[PDB]
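Below sits a lone chain in structure tokens, taken as the form deposited in one PDB entry.
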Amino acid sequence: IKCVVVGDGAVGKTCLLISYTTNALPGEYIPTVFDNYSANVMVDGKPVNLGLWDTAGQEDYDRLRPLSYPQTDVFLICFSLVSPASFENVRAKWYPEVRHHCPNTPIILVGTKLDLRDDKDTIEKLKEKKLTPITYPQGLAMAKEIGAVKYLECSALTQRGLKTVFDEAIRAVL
């Protein structure tokens, strides 16, 4: 099965795949040009081979990113639950660019950095920008908007809700 991970620069796409496959969060930040991980999971009582395609976040790779999209079974659209810009760009940039090349591929909306949503350290940082974190009901609505099959929230650090992301991704194609 083919799964493409798409979202704004520095939302936690890479981390979300490395923590899921290896159980270790990278201590340093290195921007993804392109990678290709895989994982053998057993769900629905079925042997499942899953290929995960990490992409780039910048507008630099605009016309080189869509190359990955053909022959895809399911998409993940990601955004930081702390970064509201990335929440906007779902509808603004990613939902257009995706449905443009693939108008049938089921989508799953994903709120990353779930641990930091309740963190007072971040809350009073974003307060200075007169902005709140994205509540669950808000993503729930953004999911309905872009016609996603599911909406899920997870932290790659604490691995909270992380298995489900890929449980639902597979369940979408099955």
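Residue numbers here begin at 1 and follow the sequence given.
This next part talks about the form solved in complex with a partner chain, which is not shown.
Contact check for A141: every heavy atom lies farther than 4.5 Å from the partner chain in the bound PDB entry.
Remark: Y136 does not count among the residues lining the partner chain in the bound PDB entry, judged by a heavy atom distance of 4.5 Å or less. At the 4.5 Å threshold, heavy atoms of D35 reach the partner chain in the bound PDB entry. The closest heavy atom approach of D118 to the partner chain in the bound PDB entry falls outside 4.5 Å.
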